[PDB]
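We give structure tokens for two forms of one protein chain below, kept apart as structure 1 and structure 2.
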Structure 1
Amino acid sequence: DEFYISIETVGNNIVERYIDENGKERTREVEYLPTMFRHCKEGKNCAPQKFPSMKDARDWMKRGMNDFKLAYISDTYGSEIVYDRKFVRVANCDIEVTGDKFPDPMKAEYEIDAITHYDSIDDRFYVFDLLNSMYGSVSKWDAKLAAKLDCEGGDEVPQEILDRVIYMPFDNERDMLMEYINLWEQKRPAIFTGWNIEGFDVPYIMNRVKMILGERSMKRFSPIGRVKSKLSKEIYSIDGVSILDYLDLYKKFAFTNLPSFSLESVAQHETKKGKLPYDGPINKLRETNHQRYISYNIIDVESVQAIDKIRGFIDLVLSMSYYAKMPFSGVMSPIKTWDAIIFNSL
């Protein structure tokens, strides 16, 4: 009851997102000067220390921004934090890109044709189906068929999954993308997961939007209007939203030693449920069986929430974060966490 969701900074100012004292998520840009600093931030670290004066903090601020954020939090939430996950919007997507070669996210040359995106608040799987684009036009996915047995041409996607589905077919990619940005705008995720979203999905979505709708549209993913490409790889950061890959969480917090950390292997290992095999060039399954294509896509996206349901990692990130009184992204490393404990301790 009164806790932060995001701590960003713009113009030497703090822009924070939080769930207020009546459960509504609000954002505020504060004018803020920290009261401590750590000289080494201007395997070693150093003890923090209080500024003597508001003049000191002031020319420091003009000279670790992360320590600035750590301080804000401490000043703003000095008491034990009381939080409620029901107030935190965790979303996770999984896209499908049909093309020759392979969908190199950096290049982002093929039209993405499927994006299912769960939302913990609504508890709905917003499915985005592109039935019309370069690799042939295709028919609308069918929820009723999707439920039927494989023997009867059904996909066998369970009902409560199918029941929370919110099908949205599109005539063209521009439109689908343009509407996906909208989903982000009106339902902005505090934490965004998935499985290798950081490696594939996120960058490929940013790169295709950017390439198709152009930069300006791409930054609309960020409520700060800040979406950057970091560099083999390219990962993309979306300010205002903690992008936390469940493949990373799973590898950091679930003692496994699996030969493959594929969605399938992990999901099969965790939920014990699996996906119907498919005798046919999977690389061409949208062409051969788009109905199945869309169901596989929605199964994948629920696998994550299932695994999370079993493992409770999103919950740990929140406990760990609110306790250390640090941004969710630190939980992902001893050093980051330890480094915040060092500062927040004094």
Structure 2
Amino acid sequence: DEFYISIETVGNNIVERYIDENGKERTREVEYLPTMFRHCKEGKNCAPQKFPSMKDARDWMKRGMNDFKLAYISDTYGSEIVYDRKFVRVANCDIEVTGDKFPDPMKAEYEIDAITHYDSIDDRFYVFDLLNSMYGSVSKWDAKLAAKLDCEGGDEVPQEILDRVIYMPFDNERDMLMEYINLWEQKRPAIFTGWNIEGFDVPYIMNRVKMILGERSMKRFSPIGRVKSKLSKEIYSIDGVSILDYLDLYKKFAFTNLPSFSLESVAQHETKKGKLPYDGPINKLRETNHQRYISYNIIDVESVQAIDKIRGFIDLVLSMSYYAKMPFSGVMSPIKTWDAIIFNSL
């Protein structure tokens, strides 16, 4: 019954994505005036002061900004925050790219062959397939073929996953990227997860759409209008959407001493189910066996959700966040958590 999902500050305004009483996502931008402040934000922190009147507060405005957000939350949300995840749009994605090994995401030279994107709300795996990626043109994926045992020419993708798939073929990357951007537009994720999304997936999709669809298409992702990056691996920031890499969440809260943290290693360890063995080379897979390629893409995207159903690290994230009355990204930072508590303790 009313809780935040995103808290942004554009101008001296607070753009906030939320979920009101009737479990529906909405948006209400507000020109907010902070109650408290911390002199030291002009280990080590400081006591939050309290403006007795909106007068001395206004006399203080403009003369970091995260206290603004924290102030907004504490003010607009007083008392126990109660939430239900069913209205929180959690989406993860795993993209596929064929080309010279480790297609550097900063350069983004090669096309994207596939993009499965699960969306927790409608519980569907949207599969984007470019059966025309420069390296070749290949056949449509067989939702009926990918099931029948390997005693045949199929990959044993469980029926459950397949029932939830929505396949979408494209003969050119450009037309494919155009649709993906359209899906985020149609269904803006609250939290965007994956396994190494921060390292590969995200930067790649960005630098790509940039290099192709140009800067303006890339900003379609951020609801408020802009995507930044720290740039040698560079990382992207889609304002309005919390990007929480599951690999990081796993290393931080799983407490498992595994010799490897590849998705296959963790998935096999957690879910026990594996993925059908290879068959010859590796990268050539798309041409030397498309269809299995795509089935793999979806399988990988499901395993993240599978690990989560066991671990519940997305639950933890919301729980810590709403209890400390802070933005989603703060849960992985002891400092940012402590800092949230100091401010909200008043």
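Shifts are known only where both forms have a C-alpha. Rigid core: the largest C-alpha set superposing within 1.5 Å between the two forms. FYI, numbering is relative to structure 1, first residue = 1.
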Is the C-alpha displacement of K284 equal to or greater than 2 Å between structures 1 and 2 once the rigid core has been superposed? no
For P52, is the C-alpha shift between structures 1 and 2 2 Å or more after core superposition? yes
By how many angstrom is the CA atom of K101 displaced between structures 1 and 2 after fitting on the core? 3.7
Can you give the CA shift of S319 between structures 1 and 2, in Å, with the two forms fit on their core? 0.5
With the rigid core held as the fitting reference, name the runs of three or more adjacent residues whose C-alpha atoms all move by 2 angstroms or more between structures 1 and 2. 51 to 61
